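The structure appears below as structure tokens.
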Amino acid sequence: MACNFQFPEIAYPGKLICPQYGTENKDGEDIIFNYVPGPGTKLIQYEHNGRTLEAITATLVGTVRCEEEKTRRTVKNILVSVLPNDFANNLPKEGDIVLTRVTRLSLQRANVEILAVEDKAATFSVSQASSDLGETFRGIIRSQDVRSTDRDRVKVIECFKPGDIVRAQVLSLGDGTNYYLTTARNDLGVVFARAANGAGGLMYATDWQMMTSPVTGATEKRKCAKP
Amino acid sequence: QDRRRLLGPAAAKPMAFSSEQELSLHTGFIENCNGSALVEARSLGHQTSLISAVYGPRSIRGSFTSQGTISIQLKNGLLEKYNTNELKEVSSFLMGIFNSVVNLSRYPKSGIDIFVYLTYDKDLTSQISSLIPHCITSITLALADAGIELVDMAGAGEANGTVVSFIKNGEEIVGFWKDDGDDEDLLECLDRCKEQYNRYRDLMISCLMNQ
Amino acid sequence: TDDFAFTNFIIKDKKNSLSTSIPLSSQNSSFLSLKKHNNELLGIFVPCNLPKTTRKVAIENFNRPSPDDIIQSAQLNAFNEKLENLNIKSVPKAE
Amino acid sequence: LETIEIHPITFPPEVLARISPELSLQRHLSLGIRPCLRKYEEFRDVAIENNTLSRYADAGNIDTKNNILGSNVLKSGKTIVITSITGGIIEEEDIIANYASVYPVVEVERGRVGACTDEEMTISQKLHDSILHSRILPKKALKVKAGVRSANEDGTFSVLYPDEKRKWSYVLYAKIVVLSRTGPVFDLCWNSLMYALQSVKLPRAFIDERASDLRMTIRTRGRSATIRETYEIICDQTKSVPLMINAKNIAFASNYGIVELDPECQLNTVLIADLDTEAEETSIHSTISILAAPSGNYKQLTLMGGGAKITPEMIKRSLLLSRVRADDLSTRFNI
Amino acid sequence: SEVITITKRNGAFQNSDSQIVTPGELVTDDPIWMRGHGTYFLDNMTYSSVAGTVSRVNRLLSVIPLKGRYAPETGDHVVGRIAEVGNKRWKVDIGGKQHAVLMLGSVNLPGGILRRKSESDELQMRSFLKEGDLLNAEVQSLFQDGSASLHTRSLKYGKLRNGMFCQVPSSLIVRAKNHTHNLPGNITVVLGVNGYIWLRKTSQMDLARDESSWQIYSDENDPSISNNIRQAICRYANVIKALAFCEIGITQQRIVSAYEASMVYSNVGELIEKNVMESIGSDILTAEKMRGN
Amino acid sequence: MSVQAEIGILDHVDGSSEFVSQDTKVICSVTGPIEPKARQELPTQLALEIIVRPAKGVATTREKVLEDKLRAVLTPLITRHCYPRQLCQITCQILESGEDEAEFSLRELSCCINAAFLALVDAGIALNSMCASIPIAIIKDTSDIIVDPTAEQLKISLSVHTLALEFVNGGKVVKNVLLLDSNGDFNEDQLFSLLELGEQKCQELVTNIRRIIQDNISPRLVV
Amino acid sequence: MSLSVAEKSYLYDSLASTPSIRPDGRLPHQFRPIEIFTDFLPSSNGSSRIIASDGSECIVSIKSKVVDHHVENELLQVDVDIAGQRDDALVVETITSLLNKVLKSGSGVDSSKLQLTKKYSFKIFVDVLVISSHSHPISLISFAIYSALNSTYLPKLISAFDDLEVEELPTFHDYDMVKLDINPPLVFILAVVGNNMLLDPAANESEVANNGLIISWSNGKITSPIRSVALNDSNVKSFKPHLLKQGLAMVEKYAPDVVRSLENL
């Protein structure tokens with residue numbers, strides 16, 4: 001896509017998007033432009049014409065979209081990012097959500113196997129990892145992130161059990177041993193669970209901390225997901 | 001026999017015995033894999049089909065690693081017979097090219113599992129040198145389809161059992177192989193293989209353009 | 001205009017020209033291109049099992065909930081009542 | 001309560017299955033369709049190409065780097081099965097021990113770096129087992145004899161045929177690899193095996209004059225028995241006579257599921273034919289595998305009643321579906 | 001030759017008494033001595049336990065090792081590198097029998113003096129110090145495990161940068177509290193007790209004796225390292241491999257005399273060859289005999 | 001004889017049994033609920049890791065096919081949700097097959113299934129229902145069904161069939177069929193004959209195992 | 001990695017400039033001190049112990065059998081085995097391949113110094129034990145094989161066998177050995193860090209290098225195998241035709257001197 005007067009509509013690996021520095025006069029006045037890559041781009045080095053050249057080169061097959069982080073006019077910083085199963089294009093990282101399932105409950109924490117990563121929603125992907133396609137990796141939900149209205153005395157047994165399916169945002173990468181989750185927001189928590197502590201009817205959220213069993217007649221308390 | 005697999009009678013022994021090419025590409029044709037490619041090359045000499053599948057980015061947690069890594073399995077064809085060691089060499093070769101082409105820094109704790117299936121090779125008329133363009137064509141396509149970052153598309157020719165891989169429009173070389181070619185082929189081969197790379201470059205770009 | 005702009009143009013035109021745009025003769029004896037387009041059940045390389053449009057009816061069933069649920073992701077009264085309980089508690093934190 | 005909301009947003013089918021295959025399966029089931037979004041009693045279509053991989057694919061080319069006896073590529077859904085059948089040579093009614101078996105390796109690729117996994121090994125042995133109990137290959141057929149290959153001093157060589165001391169039988173393997181398994185693969189492996197087996201030819205085999213007095217001088221550093229006779233037998237594929245096989249005992253497989261639908265568990269007994277997605281493989285615990293042959297003979301039914309109700313009424317319908325599928329495949333590829 | 005050195009041999013695989021170098025042999029039956037390290041006993045009869053000499057260290061006549069793994073002590077200042085990064089400590093490789101510990105109450109940090117870090121996380125530790133990074137740290141208390149609690153706490157202490165690695169046996173350098181000093185050509189050697197040697201261009205912290213506070217554990221390689229600076233460091237590290245080779249002590253004056261003696265040869269790669277390493281060590285001994293020490 | 005069963009014979013293991021069926025002889029142990037391995041931790045479920053080891057030679061691929069067959073049957077027999085995140089290792093050692101191991105697995109399998117039930121009864125792990133399994137062949141000489149066949153009768157088989165059924169509400173109402181593995185040629189009228197007979201012959205076997213466990217448990221547990 | 005971030009940049013700068021000074025401080029044509037020790041097995045045909053300056057040690061041993069060669073298409077078998085690695089890790093088997101191809105018959109090595117009559121060849125069993133590795137072994141193995149194969153003594157034939165002498169197995173003289181002359185290749189490793197091409201990387205250099213080029217010298221000239229390799233994963237870059245042509249030129253000049261010094265001890 002056009003963003004100025006030098007952008008390609010369609011890009012591919014190894015194809016220039018734009019020069020590292022630009023210029024155009026808007027209102028009789030030059031505006032130096034300073035381009036940097038983000039995800040789906042790299043700034044790659046070159047020599048051409050007997051001089052060093054540096055340039056913005058697409059890495060991924062897609063539409064060339066502009067976004068921001070922001071001579072005798074300001075420099076304006078334009079990030080360059082070419083967005084295009086797709087677990088090969090995201091790994092768990094910050095600001096991606098993951099779909100996780102509790103593979104062990106513990107005193108101040110919960111090991112939760114990652115079965116899927118959400119696109120950075122309306123655009124969703126599924127992890128290639130499965131317990132039937134082999135390999136596992138896990139991240140941790142802590143006692144501190146369960147809620148955030150009260151959260152330093154709400155234990156994870158009071159809100160979770162094993163086998164519950166939970167949507168959580170990856171808070172940080174953290175330590176190399178785990179991914180640090182947060183379920184704190186009002187759109188994260190248990191997507192669904194099964195009554196009778198993970199053995200009964202399939203139950204869904206009917207309050208933000210109660211899931212009504214359709215087969216026992218009773219509420220099974222949790223932390224819950226919301227839209 | 002063995003505990004992990006059935007191997008039938010063990011005192012039993014095998015049977016004793018008695019641009020000049022067209023590459024047509026395909027992708028995204030089988031699913032349980034993040035991207036796949038198919039390369040069939042036909043030539044006077046021999047016709048060949050190579051399948052590739054690339055699995056992951058996968059997380060490899062319980063350890064922090066400086067950056068990601070690439071792991072290459074070649075699998076012996078069902079109609080071609082090679083020593084395990086040669087497959088290792090070629091795996092090692094391809095890894096060192098891919099190390100240079102795939103950018104690895106957007107992905108901490110990464111291992112990528114690449115599978116090269118060297119399924120069919122058939123002569124109508126070493127050998128392992130000849131299929132290196134085709135392996136490099138296949139795998140690149142697959143990394144592109146999945147959404148794995150790449151510096152430039154990787155691609156190579158074969159001139160006289162000599163394989164030279166370039167990126168950046170013939171300008172840079174990312175690998176060199178010579179095995180049982182003739183002494184002082186250097187100019188002929190580099191000129192001849194540049195032609196080949198520029199020619200298969202655009203083919204891969206046009207496969208990626210139907211999607 | 002600038003020297004930068006000219007070099008950029010020469011390089012970019014060089015890449016664009018590299019690809020060019022030739023069709024591809026198939027000459028496919030493996031039959032992979034039909035497999036790629038599995039399509040419906042009235043397609044190519046599929047058996048028939050429904051004489052109706054298989055996909056479209058499924059898609060339609062997708063289509064009826066999605067605008068309704070995505071917009072009404074906090075418009076129902078349960079959510080609105082719950083938002084107030086969060087919002088009241090939320091306030092002493094901000095201030 | 002009574003106003004409603006707090007159900008999460010809509011997830012695509014795949015993502016829905018990763019989240020809960022129990023859930024995703026039942027939801028699909030209510031509209032009357034499989035999770036692969038097709039009706040219960042349709043299947044996956046089967047496309048084969050044969051002799052595109054075998055040694056004997058051409059008549060004007062016999063090349064010595066090839067030895068593949070019979071071969072098939074079979075594609076169903078996205079799941080592709082490549083079968084190669086390969087010989088060896090071992091010097092040696094209705095009784096099970098007069099029928100022989102293929103000694104397969106079945107290799108499955110699901111993203112596992114290995115190829116020695118518990119899922120693939122169980123397949124391969126069970127597969128040896130099916131071939132035994134279906135009675136396809138009588139041991140008389142691999143029991144071949146040898147003629148004479150005598151070289152002349154007339155600068156010619158005569159390899160003399162019997163009508164096709166010691167005796168020999170062949171053995172049969174199958175190297176079957178699988179790319180992008182999405183459901184139960186067993187039946188795919190079995191379908192392709194047959195088209196291959198009916199494409200198998202066997203090399204001819206010959207021996208020299210005074211074979212029983214040819215020497216072995218290969219073993220050394222004994223201790224006695226380091227000079228002896230041995231038989232030595234090359235195979236020549238300049239002629240190959242085709243496999244003698246029992247057609248009646250050819251089967252073609254199918255796969256079934258038995259599952260229940262409950263309307264309060266996506267908040268009787270329902271029959272699915274064949275399984276294609278992850279969601280179907282995961283949670284259709286009651287399943288019947290049938291190999292049916294296309295005259296109303298059955299060479300295996302295996303029911304695994306993993307928990308749910310089975311009335312035999314479902315079993316009675318599946319044995320008919322399987323023979324009619326068997327009849328369809330049969331006529332479809334004329335093999 | 002001109003281009004290669006080959007020490008030439010063929011025909012074979014390779015080329016008195018001393019105080020108790022076999023355990024199982026009777027050191028003493030005295031019950032007041034031999035109570036310390038490198039002995040064991042049945043009764044008071046002590047039969048050695050290691051190889052070495054008997055000699056009085058401290059208050060006790062004791063078997064003392066001939067050579068062995070580096071042993072930490074309090075007051076030592078050592079140069080060493082990160083093996084592991086944890087949630088509460090770095091594990092440090094000093095070349096000892098196990099790893100030494102370096103932890104959060106014991107570490108100066110770039111961005112202040114202790115700032116840029118508000119909670120413990122394995123990440124926040126890791127950003128400053130990566131595995132394999134090299135850093136000069138002093139021994140805070142020696143524990144009886146083997147383990148040594150280390151500390152960085154000055155603005156001279158912390159990362160070693162702008163240099164080249166060199167390494168020796170730890171028993172062929174002088175044992176002192178400090179041995180880190182300026183040498184001619186204005187390079188500084190940073191020389192621990194553990195055998196690890198960093199040689200770098202004289203920077204602010206070592207230039208202030210004759211600092212930094214945002215560069216304590218932050219990565220930075222100056223672009224202002226020049227030709228003659230680099231060559232000085234190659235020659236310096238080489239002459240140090242001559243005294244190492246010759247199995248004598250390394251004192252700062254031996255390095256300066258060695259450095260100057262090596263200049264009859266005009267190219268720096270000629271100074272790793274054996275014939276020359278023996279000449280350089282022979283010169284220094286010759287200087288020690290003429291001088292009187 | 002016909003069948004004999006004993007429990008409690010092994011003492012170091014959580015539960016155990018010895019199942020003998022004529023020539024065929026299987027001794028079994030259930031160990032657990034015990035501490036999971038990390039690869040065999042399942043979230044809400046008890047894990048099963050079953051091992052079948054033949055008397056002659058060493059276990060191969062065959063015993064994995066058997067493990068799957070056993071695992072199928074055992075997963076709704078043992079209450080999975082009774083222990084979450086624990087493993088149970090069931091180790092079934094065959095002391096005599098007395099037949100040919102590759103060729104026929106009819107007696108071998110039926111015996112393992114029964115010794116597994118008993119061992120689990122001794123173990124104390126929850127069991128929803130009674131399971132037994134009986135071996136059924138068809139011999140070519142009369143071209144007809146012979147129930148609970150001997151080693152000789154197996155040789156002259158044209159086909160062989162094991163069935164296992166889940167026994168509730170008095171251990172006498174067939175709830176479900178957990179297995180019916182019918183190998184060799186059969187046509188439908190035989191197969192429903194094999195169910196019918198199958199039903200009654202199972203229910204006898206259930207009576208006999210039922211009886212055995214009472215008699216052996218009763219001097220132990222006293223009041 | 002096992003080095004510092006700081007250390008790698010210093011090196012990169014050091015090496016990449018015009019002088020290309022490095023911890024040894026060699027110009028690009030010079031080689032570190034190696035020690036050749038030979039003939040220490042009286043049981044083997046020939047044997048070799050080579051100790052290098054990084055403290056890397058290879059031991060290379062030559063055993064044999066005479067065999068009919070018309071049922072064989074291989075005469076030299078390399079088995080490589082690296083202490084502290086198993087018999088099937090990727091690097092070990094890739095080294096086995098390289099070495100087997102370097103030593104492949106009729107390709108830079110004789111297949112007529114190993115035959116004693118035109119029906120019988122000696123199958124030379126090269127068996128390589130690496131005692132300590134922490135740098136690449138292949139160059140050192142190449143150099144060790146040279147000294148070995150010029151220390152390889154074989155059985156001397158009793159009498160001039162024909163291929164129709166009596167048509168029975170060849171049979172050796174009891175004591176008398178034949179010296180084996182045979183000129184194996186010498187593998188030489190070149191390293192590229194910027195636009196600078198340097199002979200013989202040390203460990204340290206290998207860890208910062210963009211790529212290297214393995215090339216071999218047989219018979220007074222350069223010859224196949226030619227192979228590029230990437231001597232890290234994480235400091236890798238690409239390179240130009242002109243730098244590959246300068247590395248040709250460099251070996252052609254500096255190789256001959258080395259072969260002649262190594263040949264006579």
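Here's how to read the names in the structure tokens: chain A, B, ... by the order shown, residue numbers from 1 in each chain, ligand numbers from 1 in the order shown.
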Counting only C-alpha atoms, which residues of chain A sit at most 8 Å from some atom of chain C, and what is each one's closest atom pair with its distance in Å to one decimal, listed by chain and rising residue number, as a Markdown table?
| residue | atom | partner | partner_atom | distance |
| --- | --- | --- | --- | --- |
| A:15 | CA | C:15 | CA | 6.8 |
| A:16 | CA | C:12 | CA | 6.5 |
| A:18 | CA | C:8 | CA | 7.9 |
| A:19 | CA | C:8 | CA | 6.9 |
| A:49 | CA | C:7 | CA | 7.8 |
| A:149 | CA | C:89 | CA | 7.1 |
| A:227 | CA | C:73 | CA | 5.0 |
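If we count only C-alpha atoms, these residues of chain C sit within 9 Å of chain B: residues 14, 15, 17, 18, 19, 20, 21, 22, 23, 24, 25, 26, 27, 28, 32, 33, 35, 36 and 37 of chain C.
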Can you write out the residues you just picked, keeping C-alpha atoms, as a compact mmCIF listing (two decimals), in the first residue's frame?
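Contents of again_11.txt, as written:
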# COMPACT_ATOMS: atom_id res chain seq x y z
CA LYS C 14 15.82 -4.67 -11.22
CA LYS C 15 14.03 -6.77 -8.64
CA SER C 17 12.00 -7.38 -13.64
CA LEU C 18 13.78 -10.35 -12.10
CA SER C 19 10.52 -12.33 -11.51
CA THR C 20 8.88 -11.43 -14.82
CA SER C 21 5.45 -13.08 -15.43
CA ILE C 22 5.47 -16.32 -17.48
CA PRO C 23 2.61 -19.02 -17.14
CA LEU C 24 3.51 -22.48 -16.10
CA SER C 25 2.89 -25.54 -18.35
CA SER C 26 1.53 -28.47 -16.33
CA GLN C 27 2.44 -31.38 -17.35
CA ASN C 28 1.51 -32.60 -13.91
CA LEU C 32 -1.16 -32.38 -6.95
CA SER C 33 -2.80 -29.28 -8.41
CA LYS C 35 -5.68 -31.96 -4.58
CA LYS C 36 -4.87 -28.38 -3.76
CA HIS C 37 -8.40 -27.40 -4.56
Taking the DSSP assignment computed from this structure's backbone, write out as a PyMOL selection string all residues of chain C that belong to alpha helix (DSSP H).
-> chain C and resi 3-19+32-36+54-63+66-71+77-94
All strand (DSSP E) positions in segment 96-224 of chain E, as a ChimeraX atom specification | /E:100-103,134-142,148-151,158-159,163-167,181-183,187-191,196-201
Considering only C-alpha atoms, give me a table of residues in chain B that are at most 6 Å from chain G, with the closest atom pair and distance in Å for each, as CSV.
residue,atom,partner,partner_atom,distance
B:85,CA,G:93,CA,5.3
B:86,CA,G:97,CA,5.8
B:88,CA,G:94,CA,5.3
B:89,CA,G:94,CA,4.6
B:96,CA,G:230,CA,5.4
B:100,CA,G:236,CA,5.7
B:172,CA,G:240,CA,5.1
B:173,CA,G:239,CA,5.5
B:174,CA,G:238,CA,5.3
B:175,CA,G:228,CA,5.5
B:176,CA,G:228,CA,5.2
B:177,CA,G:227,CA,4.6
B:178,CA,G:226,CA,4.7
B:179,CA,G:225,CA,4.8
B:180,CA,G:224,CA,6.0
